[PDB]
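Chains B and A supply the protein sequences, listed in that same order.
PDB author numbering puts the first sequence at residues 1 to 407, 414 to 432.
PDB author numbering puts the second sequence at residues 4 to 354, 365 to 407, 414 to 430.
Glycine is no exception: its CB is placed at the ideal position from the N, C-alpha and C atoms.
Written out below as structure tokens is the structure these notes cover.
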Amino acid sequence: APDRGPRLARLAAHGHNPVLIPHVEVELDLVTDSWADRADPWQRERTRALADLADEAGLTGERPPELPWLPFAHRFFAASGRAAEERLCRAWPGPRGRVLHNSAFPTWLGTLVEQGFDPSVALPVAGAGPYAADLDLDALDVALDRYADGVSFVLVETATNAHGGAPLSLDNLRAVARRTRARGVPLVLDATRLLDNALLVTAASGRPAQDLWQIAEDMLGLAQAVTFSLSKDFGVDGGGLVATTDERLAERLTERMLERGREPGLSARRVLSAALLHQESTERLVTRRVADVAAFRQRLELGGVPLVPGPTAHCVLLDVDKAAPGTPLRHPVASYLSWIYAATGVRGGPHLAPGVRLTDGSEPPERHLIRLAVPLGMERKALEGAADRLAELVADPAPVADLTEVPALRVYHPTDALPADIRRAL
Amino acid sequence: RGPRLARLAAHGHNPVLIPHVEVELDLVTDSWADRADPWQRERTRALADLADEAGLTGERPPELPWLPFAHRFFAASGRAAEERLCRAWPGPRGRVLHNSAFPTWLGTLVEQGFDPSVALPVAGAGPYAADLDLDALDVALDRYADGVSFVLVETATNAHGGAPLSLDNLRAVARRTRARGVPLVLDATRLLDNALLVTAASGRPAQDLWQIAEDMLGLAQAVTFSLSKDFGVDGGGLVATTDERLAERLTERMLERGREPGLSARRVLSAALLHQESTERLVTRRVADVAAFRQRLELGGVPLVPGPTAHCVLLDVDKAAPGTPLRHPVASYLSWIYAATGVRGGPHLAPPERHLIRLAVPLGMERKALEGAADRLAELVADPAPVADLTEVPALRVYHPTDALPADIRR
Ligand SMILES: [K+]
Ligand SMILES: [K+]
Ligand SMILES: [K+]
Ligand SMILES: [K+]
Ligand SMILES: [K+]
Ligand SMILES: [K+]
């Protein structure tokens, strides 16, 4: 990869943490699939296409359209997924107790605490196999019943990011919903990547990709409320959605919208409306992304890059402990992220622990994992080139530079070239 | 600028930590023992040729017309020479009064049982700003009567920015030490530069520096040199004395522990001390190049401590970066200078607190390199952009740019 020198200067300007480099300066950004954090060239053409569709259908943008695949009478736009989470949590009518979740996205956890809920109980998952994100149904039973009458809702994120985008099966989600329904506990989905999960289920069942909508509607129908970040599956530059069957929750969501107004802006809402309605292009984009994740995975695995096994929706997890086996690094993920970026121009991000305790309250052993995420619209050829460079890097015998942290957005410095007294101090 | 920023970040945002060979223009020191500039190899070859032609043995420093000492000893470095002198000292060990001598002396004196806690003040202004305050010297000699092992004077004193002491002042100092029977020791590492500055101030030709140097050296009972500042050699030191008892102890220790540095180096040192013509040429050029560097910096509006000086200029950070506040002004400005210009200076903290950067010029450097450096420094001073603030990460500190630190990490 050319231009190592400029990348080393970029690392130096950003505390040797490639996550802090501006997206537009990164050669191949795989830190996130969120279009809200990206400005790739294909995003402009997509906005133009959706704005044209909005004009042709006379979409107003006033409120979310009725959608054949979304079985909810009460639908609300938000500025982002995390704003949609805030709207739901603020509007929640019932008493505020625990929220049991399958290691939900970190934006949820702060919002839940701020709004008076207790998200300290994370639900464990299968952790291996074809549906590695399946909830452990016995542990779900234990938590629901431990905390009988003290659980506000169960929150399930499909294609769970904390579990590397592994899918949960429709059978598993129906089993979760039988348990919540039996107890009168609401089920809430974080459906940001539910279409990718629905596609993975169709594919594991030997079914055409176009069946994803049937499975998706089945999954959505199990929930009493859902939230979406729209910028992961729907090819839009930002935006969120809340939907519910619960009349009381809907009343409170509506009254808050009256106090504060609708978000995002009208032109953006017309584009979100077009995206939600135009199933053919959401289907196209999602199917290609999942397929290109699998192609990227295969190119990596056949090049000897060790990965957490799939299948997965939107990303692969590179296992640094296996990729750099004899290299004792003080901060393995941080050092390897900087090393990958310097050598290849590919930017990944750190993958945090799911935060699920063992039987005895202990923490599971530490994992050193890098997430490489694939946005809708990315070219397979770019990913195959990236996999080839990553495989060359893993095959290279040079030692990885051992970064020291200044006591995902931490700052580091190399210790190699400093005096012995200073380096020992640091 | 890109590659320099990467280099700065790999060395704790402290240009003093970068290896000398990786610095574009190194002005951190004039010492050849800390440098490997291209001209050094050719100089060594020329001196080795001279040693061969003259059949020098390297066994002892040669007799020199300007060095009035019968007892002369090589050492591995200036600081080793200081150690040899202090270890051999036969007299009772008490206070050493010094004119803010080089830091290697202070540690060596303490380790050898001497007390260097009393520094002698200097004039600070006037024709010779580094001249010793003679009334203060008298007070100190009377206050510490019978408890002073020696008075230590460093010419062209680095702590005072390389300003010269006059021959008249050194004679007045030595008359006072003689009157009390207290030996005078000189750190003569840059005595030749001091002698040249005195010839200039007296309207005398530069070739008279050897006569002034001999006049100065002849006042002292013992002298030490780091040879790598004035003699165009890659390392080495010299101790000399008139004192028979000190000489016997230096000799005894040399017989127990052996001569230093190695023989080949000692022959090159001997050739350098003997070949006055090239030392005169290099020292005269260096002092003149400092003066030219100074003038060009002045022409560009770069604020400097006034001269004339031997081996360096002191850049005044308080005047060069007036305006918004820096937690570590010298460190931030050193980083700023290096990033923008490729010039590496060093901190000068020698004696309300002054923020000064030392830009030192080794023998052999080209004037065109200095004039280019001054022009780049002039442009940097003319730049209105605020200097990036640095935060220290807990001498020779490591830093991180303050704006890059999250609020948690800062606290
Ligand atoms: K993101
Ligand atoms: K847009
Ligand atoms: K967002
Ligand atoms: K250089
Ligand atoms: K040399
Ligand atoms: K001679």
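Cβ-heavy atom distance, residue i to ligand 2, below 6 angstroms
i                : result
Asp233 (chain B) : no
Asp237 (chain B) : yes
Host beta strand (DSSP E) of residue i (start-end)
i                : result
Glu363 (chain B) : It is not in any beta strand (DSSP E) - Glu363 (chain B) carries neither H nor E in the DSSP assignment.
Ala78 (chain B)  : 74-78
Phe105 (chain B) : It is not in any beta strand (DSSP E) - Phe105 (chain B) carries neither H nor E in the DSSP assignment.
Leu155 (chain A) : 151-157
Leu200 (chain A) : Unbroken run through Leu200 (chain A) is the alpha helix (DSSP H), 194-204; no beta strand (DSSP E).
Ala225 (chain A) : 225-229
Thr244 (chain B) : 240-244
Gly349 (chain A) : 349-351
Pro420 (chain B) : 418-420
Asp37 (chain B)  : Element bounds for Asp37 (chain B): n/a, residue is neither H nor E.
7 angstroms Cβ cutoff, residue i in contact with chain A
i                : result
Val320 (chain B) : no
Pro420 (chain B) : yes
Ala423 (chain B) : yes
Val406 (chain B) : yes
Cβ-Cβ separation, residue j to residue i (assumed contact under 8 angstroms), whole Å
i                     : j                : result
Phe77 (chain B)       : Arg262 (chain B) : 6 angstroms
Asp233 (chain A)      : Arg193 (chain A) : 6 angstroms
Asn161 (chain B)      : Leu135 (chain B) : With 8 angstroms as the limit, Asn161 (chain B) and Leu135 (chain B) do not qualify as a contact, their Cβ atoms being about 15 angstroms apart.
residue 357 (chain A) : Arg7 (chain A)   : Gap note for chain A: numbering proceeds from 354 to 365 with nothing in between, so residue 357 (chain A) has no coordinates.
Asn17 (chain B)       : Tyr418 (chain B) : 6 angstroms
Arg299 (chain A)      : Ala387 (chain A) : 4 angstroms
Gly61 (chain B)       : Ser205 (chain B) : Going by Cβ atoms, the distance from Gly61 (chain B) to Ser205 (chain B) rounds to 37 angstroms, so no, they are not a contact pair.
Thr312 (chain A)      : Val293 (chain A) : 6 angstroms
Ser229 (chain B)      : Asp237 (chain B) : The pair is not a contact, with the Cβ atoms about 12 angstroms apart (cut-off 8 angstroms).
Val305 (chain A)      : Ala391 (chain A) : 6 angstroms
CB contact below 7 angstroms: residue i versus chain B
i                : result
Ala398 (chain A) : no
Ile340 (chain A) : no
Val185 (chain A) : no
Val293 (chain A) : no
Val236 (chain A) : no
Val417 (chain A) : yes
Unbroken alpha helix (DSSP H) run spanning residue i, endpoints
i                : result
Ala323 (chain B) : 320-323
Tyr336 (chain A) : 332-344
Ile370 (chain B) : Counting along the chain, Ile370 (chain B) falls outside any alpha helix (DSSP H), though it belongs to the beta strand (DSSP E) covering 369-373.
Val176 (chain A) : 170-183
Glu62 (chain A)  : Per DSSP, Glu62 (chain A) belongs to no alpha helix (DSSP H) and is neither H nor E.
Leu88 (chain A)  : 81-91
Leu376 (chain B) : That residue, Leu376 (chain B), is in no alpha helix (DSSP H); it is neither H nor E in DSSP.
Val142 (chain A) : 137-146
Contact test: residue i Cβ vs ligand 3 heavy atom, cutoff 6 angstroms
i               : result
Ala36 (chain B) : yes
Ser80 (chain B) : yes
Distance cut-off 6 angstroms: residue i Cβ against heavy atoms of ligand 1
i               : result
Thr32 (chain B) : yes
heavy atom of ligand 4 below 6 angstroms from residue i C-beta
i               : result
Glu27 (chain A) : yes
Cβ-heavy atom distance, residue i to ligand 5, below 6 angstroms
i                     : result
residue 410 (chain A) : Between 407 and 414 the numbering of chain A has a gap, and residue 410 (chain A) falls inside it, with no coordinates.
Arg46 (chain A)       : yes
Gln43 (chain A)       : yes
Residue i beta carbon near ligand 6 (any heavy atom closer than 6 angstroms)
i                : result
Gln279 (chain A) : yes
request  = Please list the residues of the segment 6-39 of chain B that have a C-beta atom closer than 8 angstroms to any C-beta atom in chain A, keeping them in chain order.
outcome  = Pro6, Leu8, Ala9, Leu11, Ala12, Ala13, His14, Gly15, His16
message = Please list, in chain order, the residues of the segment 186-218 of chain B that have any C-beta partner in chain A closer than 7 angstroms.
response = none
key: chain B contacts made by the segment 326-350 of chain A, where a contact means CB separation under 7 angstroms   = none
task = Scan the segment 371-403 of chain A for residues whose Cβ lies nearer than 8 angstroms to a Cβ of chain B and list them as they occur along the chain.
result = none
key: Under 9 angstroms (Cβ pairs) to chain A, residues found in the segment 284-314 of chain B   = none
query = Going along the segment 128-150 of chain B in order, which residues come within less than 8 angstroms of chain A, judged by CB to CB distance?
reply = none
query = Any residues in the segment 48-64 of chain B with a beta carbon nearer than 9 angstroms to a beta carbon of chain A? Which ones, in chain order?
reply = none
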